[PDB]
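Read the structure below first, then the notes.
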Ligand SMILES: Nc1ncnc2c1ncn2[C@@H]1O[C@H](COP(=O)(O)OP(=O)(O)OP(=O)(O)O)[C@@H](O)[C@H]1O
Ligand SMILES: [Mg+2]
């Protein structure tokens, strides 16, 4: 995980995901006591993206098919970077939070949101 | 620290400072979650005096000039008593909180507020 | 995994032109990690000025226990002859684990966490060698061959904590022996502040005596001001709009917080650090957006390096400061912001 | 733990009360004498009942002392009495 | 005052032409510096003929 | 007219600064090529000599 | 790390739980102040309605434009138990009827959270007021009310309503929409002309209804704030109970570890 090994685009996407997840972890106690509605307009947007990133990290495996029934997914590095970069930029702010759960590539989150 | 060893004026000033700082210790954790605006008119005023007292305890030493950069201050017993009684009685409520940080006797705090 | 080795290796790389000899002691590390550090020293041109002492994870606990003392002895050669040296102990906590093994196998009675009774003396005997010696000591050691010169050995020991627990026996002992400490925080590292230095907990007991005139004046009070900004940011977090004194302190602390961020393998000279400190403490960053502080600093340094190269060369001779240099920097920063 | 279990009662002194100007520092909410009223004269046994009740009411209402202007008159009466007994 | 206002607007107008020209001139000067520094770095990187 | 003069001056300054940023970004893009073409040639010739 | 960090987290949450328990009663106290202010303003509105009713029935010579064929109230502060959300959710239900009818909409905004809502979706604001005290004065509402009355006289608005919460009970705030502008044996002795009297009274009537909607919404806000602080007090209690279980685990581990280091040390000596 070094700019000289993986290139700046991958490195900045990974650093962006970690920054959002770290800030969401700091708000956990306040959200439990006062709820999400007391946060600032900036923190509310970040928490919404953190919840989507956290769900998009999930993936159905080809060895886990027996446990649930869902078919496995293989996602390339190119598709992985494109999905998280779009969620960080805000290109998917309108799609529902459950559309990112168990879908492999980012285009499948767009098709899952149609239901 | 006994009125029969020193005097009632010194003792009352010391216990007065301690009372203000002890009450502020329970309010510190409150303000960080629900904010300052929700406290009583007497608490808001007391918290401001406690933060000022907490800063007026500071003093630049001659042996610490290499760490602080500013010159060293020697303060006397009467000067110390008069300065803390002034903050407790409200004679300096109009001065900003940063004016009491690193300033020997009470006079210099009145001068730092002008810079 | 929060940059302890990165901080010490960059400090060794910066000495290639300083005239200070370097020693890196690797205790209980895997051989491929040691080979990667050596490759990075070579890639940065710092290997020709460094001695690397290795006692890898597969080697005898006796060699891992002795390695810091062997490296210290190699560094002391320069100190005793009127020269300056720097030594890094990448893990004194691994040296303590190797000594605990030997002591338990020798059946010596254990202490506070199964560690030997003299685990304090293990580190205090090592760390008290790092010192500055007078001209009379160097003159007496060299039998008059070297005169009018002091000698020194500077040490950068590293310690690992478990989930931030500093109450452990070994960290408690070492924190009680050194002339200061640099605390690295995982929450700041995850939040993108990558040098991850907690300014409130970190402290240097030598202070301003260890700085050049320009950095000593431009950095006075920054550490305690940041410590008070972190508290103010938490106290005023959900409260309604406050006075100008509060807004001034908060807006300044946010800018210095963003300024302290730096990349790995990218050291700054006295002049580059000085321009960055001057632009912040003299109020020039007040109009700059927080998200633009990094771009402003990089552009300013690039500007002064092109339009003001003779001034940077004058600041870099000894880190001197006066009204002429102060006015020279002021005129350059004003011209920069008014045209870039 | 051993000595608390051997003795007939305990008087607990507290640093938070001592720093708040309550000089004797006796935390009356946790301190206890198992012998109780049998160790008191008729006059002290009669007067102490209302005082224990007042300190109990003060411990329950202490959080409202900063907002006493918004209390019900019947509750304000217990709070003001509790402050003077304390 | 309207005639004087046209002259004053004429000063802001010529200043904008000159300032915009300097902004682009400084960019070309910066671009030249970046390429020269890259050439000296690439020339120094040649230590690998011995170092590796 | 004075309001329009102020708006036109500001528009051209934002445009010139946008052109300046593009001129500098292309120089950064070129610099990486100068360094990486030297790196691959130096490593390849070093390996050529090592095999020999 | 261990027992010390857990003990610090418990003390912090315990301090917060005590004030949320107290602020629940502060909100009940302010709820009662708002409820007495709701009752104090009723006699004025009902008498103006009685005068206009007779003065229109008895005088068939003139029909006011208000007798022939949204103002949104919201809070300025935090701790609202879904008060503003239930109201905005409901506004869309009546607006849907206007979308099926094909009618155009103009909006007026009272309070900072209402202004923040329409600004986050592109809503067309014709007028707006904010930062009002917990006990508001009717003279601040005159401006926002007049812009909405003028839009009716200019023929830009066919019907006007006030969107606000109603106090069903101390545990229930109901979101509502109420129509404002479109509403026998003796006669009055009019000193000025009857048109001037009817025109003047109808303005006072609408302003009074908007003020009553604002005061009843403030009573609903203090009731919603009581529930929210009650819930925060209860939620903090569950967190303290769980942290006490984690602390007990660390207490038992510390005693077991110390004895295991002590027994090992005495076995070697
Ligand atoms: N200034 C920096 N900017 C960006 N990334 C950095 C910086 N400093 C360190 N890192 C990166 O963070 C990681 C730190 O690893 P490093 O080995 O230096 O930490 P460590 O504490 O010594 O880890 P370990 O416990 O394994 O020895 C590496 O990936 C490194 O490249
Ligand atoms: Mg390391």
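Chains as they are written, first to last, in PDB author numbering: chain E, 349 to 463; chain D, 349 to 463; chain B, 173 to 512; chain A, 344 to 429; chain Y, 53 to 104; chain X, 53 to 104; chain G, 2 to 70, 78 to 191, 201 to 286.
Here a beta-carbon is modelled for each residue, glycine too, at the ideal position from N, C-alpha and C.
A straight-line Cα-Cα distance of about 28 Å links residue 458 (chain D) and residue 406 (chain B). Distances between the C-beta of residue 178 (chain B) and the heavy atoms of ligand 1 include at least one below 7 Å. For the region 404-421 of chain A, the residues whose beta carbon sits under 7 Å from a beta carbon of chain G are, in order, 406, 407, 410, 413. Judged by pairs of C-beta atoms under 8 Å, the region 447-457 of chain D does not touch the region 376-386 of chain D, as fewer than three such pairs exist. Under the 8 Å criterion on CB atoms, residue 381 (chain E) is classed as interfacial with respect to chain G. For residue 284 (chain B), the closest of B:339, B:302, B:433 by C-alpha to C-alpha distance is B:339. Residue state for residue 326 (chain B) is assigned as strand, using DSSP reduced to three classes. In terms of Cβ geometry, residue 10 (chain G) and residue 260 (chain G) form a close pair [threshold 8 Å]. The straight-line gap separating the alpha-carbon atoms of residue 192 (chain B) and residue 354 (chain B) is approximately 21 Å. Residues of the same chain with a CB within less than 7 Å of the CB of residue 332 (chain B), apart from the 5 flanking positions on each side, are 263, 265 in chain order. Taking C-beta separations shorter than 6 Å and ignoring five residues to either side along the sequence, residue 150 (chain G) has no partners in its chain. Distances from the alpha-carbon of residue 133 (chain G) to those of G:140, G:152, G:59 put G:152 closest.
In the DSSP assignment, residue 169 (chain G) is bridged to G:187. In this model, residue 94 (chain Y) and residue 86 (chain Y) are separated by some 12 Å (Cα to Cα). Our two residues, residue 383 (chain D) and residue 91 (chain G), have alpha carbons roughly 21 Å apart in a direct line. From the beta-carbon of residue 20 (chain G), the residues of chain D found nearer than 7 Å are 378, 382. Scanning its chain for C-beta atoms nearer than 6 Å, with the 5 sequence neighbours on each side dropped, one finds around residue 425 (chain A) the residues 397, 400, 401, in chain order. Under DSSP, residue 225 (chain B) takes part in a beta bridge, and its partners are B:197. The region 341-355 of chain B and the region 286-304 of chain B touch, with no fewer than 3 CB-CB distances between them shorter than 8 Å. The three-state reading of DSSP puts residue 462 (chain B) in helix, counting H, G and I together. In the three-state DSSP reduction, residue 414 (chain B) falls in the coil class, being neither helix nor strand. In the three-state reduction of the DSSP assignment, residue 502 (chain B) falls in the helix class.
Shown here is that no member of the region 184-218 of chain B has a Cβ falling below 9 Å from a Cβ of chain E.
Ligand 1 has no heavy atom closer than 7 Å to the beta-carbon of residue 257 (chain G). Spanning the alpha carbons of residue 59 (chain X) and residue 418 (chain B) requires a straight line of approximately 36 Å.
DSSP, reduced to helix, strand and coil, places residue 175 (chain G) within a strand of the structure shown. Of the residues assessed, residue 179 (chain G) falls on the exposed side of the cut-off, its CB having fewer than 16 other CB atoms within 10 angstroms. Not a single heavy atom of ligand 1 lies less than 7 Å from the C-beta of residue 259 (chain B). Residue 154 (chain G) and residue 460 (chain E) have their C-alpha atoms spaced approximately 49 Å apart. As the crow flies, the alpha-carbon of residue 497 (chain B) is around 10 Å from that of residue 386 (chain B). For the options Y:66, Y:88, Y:75, Y:74, the alpha carbon positioned closest to that of residue 80 (chain X) is the one of Y:88.
Under DSSP, residue 376 (chain A) takes part in a beta bridge, and its partners are A:352.
Not a single CB atom of chain G sits nearer than 8 Å to the CB of residue 413 (chain E). The alpha-carbon of residue 365 (chain D) is positioned some 36 Å away from that of residue 255 (chain G).
Selection G:251, G:271, G:276 evaluated against residue 14 (chain G) yields G:251 as nearest (Cα-Cα).
Checking the DSSP bridge columns, you'll see residue 135 (chain G) partnered with G:116.
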